[PDB]
S.K.: 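If you scroll down you'll find the structure; I have some questions about it.
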Protein chains: 2
Amino acid sequence: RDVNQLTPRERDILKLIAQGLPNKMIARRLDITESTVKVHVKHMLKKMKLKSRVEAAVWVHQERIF
Amino acid sequence: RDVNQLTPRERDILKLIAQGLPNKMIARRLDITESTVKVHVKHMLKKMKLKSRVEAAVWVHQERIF
DNA sequence: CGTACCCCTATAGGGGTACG
DNA sequence: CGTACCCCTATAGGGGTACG
């Protein structure tokens, strides 16, 4: 499970997720549609082999990735 | 925002959420139905003024509640 | 309090295609 | 890659009643 294997934008989303933001807020924050955010989210989840955004949030904090 | 304001069972749920577990898994781990888990989660969220289980997980880690 | 439902809407997520 | 949608099911959440 390596964070370097993610694309920049995927790391942008993971960071906002780890801060507790719902997809709609992440979209407004990055000024892109929720649709696009949701695409990055599932790509990130599959790559990192995580089952949900909460697991990604927890993982990011436990492993102090950011 | 104080963790002591929650009931014991609500802290039980909060801990499992901060470990990234979905409600169904929390029910099986605690040996209660998913319905009951959802009640505790709902109560916990309102009392702690959190908008989602993700904010609850992120809060627990940032403030090192547990 | 903790248990376990009911009702409903909102959010998330997993597959796909398409195109600068 | 990043964008933005399509499809769908799954999960989450907010209100309620009930009862030992």
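The sequence lines fix the lettering, A, B, ..., with proteins before strands; numbering per chain opens at 1.
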S.K.: Tell me whether the side-chain N or O atoms of B/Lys42 pair up with the base of D/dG13 as donor and acceptor below 3.5 Å, since no angle test is needed here.
M.R.: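 When only heavy-atom distances are counted, B/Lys42 does not reach the base of D/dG13 through any donor-acceptor pair under 3.5 Å.
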S.K.: Using Watson-Crick or G-U wobble geometry with both distances under 3.5 Å, which nucleotide pairs with C/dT17?
M.R.: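 Paired with D/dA4.
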S.K.: Think A/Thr33 has a side-chain N or O under 4.0 angstrom from the OP1 or OP2 of D/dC5?
M.R.: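 Looking at the OP1 and OP2 atoms of D/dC5, one of them is under 4.0 Å from a side-chain N or O of A/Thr33.
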S.K.: Given D/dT11, is OP1 or OP2 found less than 4.0 Å from the side-chain N or O atoms of B/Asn23?
M.R.: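 Checking D/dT11 against B/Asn23, no side-chain N or O comes under 4.0 Å of OP1 or OP2.
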S.K.: Calculate the interatomic distance between B/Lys47 atom NZ and D/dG13 atom P; express it in whole Å.
M.R.: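 After rounding, the gap between these two atoms is 16 Å.
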S.K.: Can you tell whether the side chains of B/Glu34 and B/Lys24 come within less than 4.0 Å, N to carboxylate O?
M.R.: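 Yes, this pair counts.
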S.K.: Please determine whether any donor N or O and acceptor N or O are separated by less than 3.5 Å between the side chain of A/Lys46 and the base of C/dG14.
M.R.: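 Not at all, since no donor on one side and acceptor on the other fall under 3.5 Å apart.
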S.K.: Report yes if some heavy atom in the side chain of A/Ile13 is under 4.5 Å from a heavy atom in the side chain of A/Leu30; otherwise report no.
M.R.: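 A side-chain contact exists here, since the closest heavy-atom pair is under 4.5 Å.
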S.K.: What integer distance in Å separates A/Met44:CE from D/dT3:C1'?
M.R.: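 Computing the A/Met44:CE to D/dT3:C1' distance gives 18 Å.
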S.K.: Ignoring backbone atoms, establish whether A/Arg9 has a side-chain N or O less than 4.0 Å from OP1 or OP2 of D/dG2.
M.R.: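 False: A/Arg9 side-chain N/O out of range (4.0 Å or more) of D/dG2 OP1/OP2.
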S.K.: Starting at the 5' end of DNA chain C and moving along, which residue's nearest nucleotide shows up first, B/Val54 or B/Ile32?
M.R.: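 The residue closer to the strand's 5' end, by nearest nucleotide, is B/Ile32.
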S.K.: Same cluster or not: are B/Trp59 and B/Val41 linked, directly or through other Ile, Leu, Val, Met, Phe, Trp or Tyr residues, by side-chain heavy atoms under 4.5 angstrom apart?
M.R.: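 Yes.
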S.K.: If the cut-off is 4.0 Å, is A/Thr36 near the phosphate of D/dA4, judged by side-chain N/O to OP1 or OP2?
M.R.: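 Affirmative; the distance criterion is met.
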S.K.: Shortest non-hydrogen contact from B/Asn4 to B/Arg11?
M.R.: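 Of all heavy-atom pairs spanning B/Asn4 and B/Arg11, the closest is O-NH1, 3.8 Å.
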S.K.: Which nucleotide in the list C/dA4, D/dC1, C/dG14 gets nearest to the side chain of A/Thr7?
M.R.: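 Ranking C/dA4, D/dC1, C/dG14 by closest atom to the A/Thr7 side chain puts D/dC1 first.
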S.K.: For D/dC5, does either OP1 or OP2 sit under 4.0 Å from a side-chain N or O belonging to A/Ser35?
M.R.: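 For D/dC5, OP1/OP2 do have a side-chain N/O of A/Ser35 under 4.0 Å.
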S.K.: To the nearest angstrom, how far is B/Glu34 atom CD from D/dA10 atom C1'?
M.R.: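 The distance from CD of B/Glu34 to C1' of D/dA10 comes to 10 Å, rounded to the nearest Å.
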S.K.: Rounded to whole angstroms, how far apart are NZ on A/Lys38 and P on C/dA12?
M.R.: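 Nearest whole value for this atom pair: 8 Å.
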S.K.: Does the ring of D/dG14 sit north or south, if a positive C1'-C2'-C3'-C4' angle means north and a negative one means south?
M.R.: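 Taking the sign of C1'-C2'-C3'-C4' as the criterion, D/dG14 has a south sugar, on the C2'-endo side.
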S.K.: Using a heavy-atom cut-off of under 4.0 Å over every strand shown, decide if A/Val41 touches base, sugar-phosphate, or nothing.
M.R.: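 A/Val41: backbone/sugar contact only, no base atoms under 4.0 Å.
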S.K.: Distance check needed: D/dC1 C1' versus A/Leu30 CG, whole Å only.
M.R.: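 Answer to the nearest Å: 15 Å.
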S.K.: Closer than 4.0 Å, any side-chain N/O of B/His43 to the OP1 or OP2 of D/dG13?
M.R.: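 It does not, given that no N or O in the side chain of B/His43 lies less than 4.0 Å from OP1 or OP2 of D/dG13.
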S.K.: How long is the line joining NZ of B/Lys24 and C1' of C/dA12, in whole Å?
M.R.: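 Between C1' of C/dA12 and NZ of B/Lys24: 14 Å.
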S.K.: Choosing from D/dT3, D/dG14, D/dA12, which nucleotide comes nearest the side chain of B/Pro22?
M.R.: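 Between D/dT3, D/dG14, D/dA12, the one nearest the side chain of B/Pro22 would be D/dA12.
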S.K.: Between A/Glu10 and B/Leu50, name the one whose nearest nucleotide on DNA chain D is closer to the 5' end.
M.R.: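 First, find each residue's nearest nucleotide; the 5'-ward one identifies A/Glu10.
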S.K.: Write down the distance between CG (A/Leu45) and P (D/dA10), rounded to a whole number of angstrom.
M.R.: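 It is 17 Å, rounded to the nearest whole Å.
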S.K.: Between A/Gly20 and B/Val54, what is the shortest heavy-atom contact and its length?
M.R.: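 Minimum heavy-atom separation between A/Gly20 and B/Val54: CA-CG1, 3.9 Å.
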S.K.: What nucleotide among C/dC5, C/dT3, D/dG14 has an atom nearest to a side-chain atom of B/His40?
M.R.: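 My answer, after comparing the listed nucleotides, is C/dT3.
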S.K.: Of A/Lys46, A/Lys47, A/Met48, A/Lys42, which is the lone residue that meets side chain to side chain contact (heavy atoms under 4.5 Å, CB included) with A/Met44?
M.R.: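 Exactly one pass, corresponding to A/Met48.
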S.K.: What is the separation between atom NZ on B/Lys51 and atom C1' on C/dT9, rounded to the nearest whole Å?
M.R.: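 For the pair B/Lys51 NZ and C/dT9 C1', the rounded distance is 18 Å.
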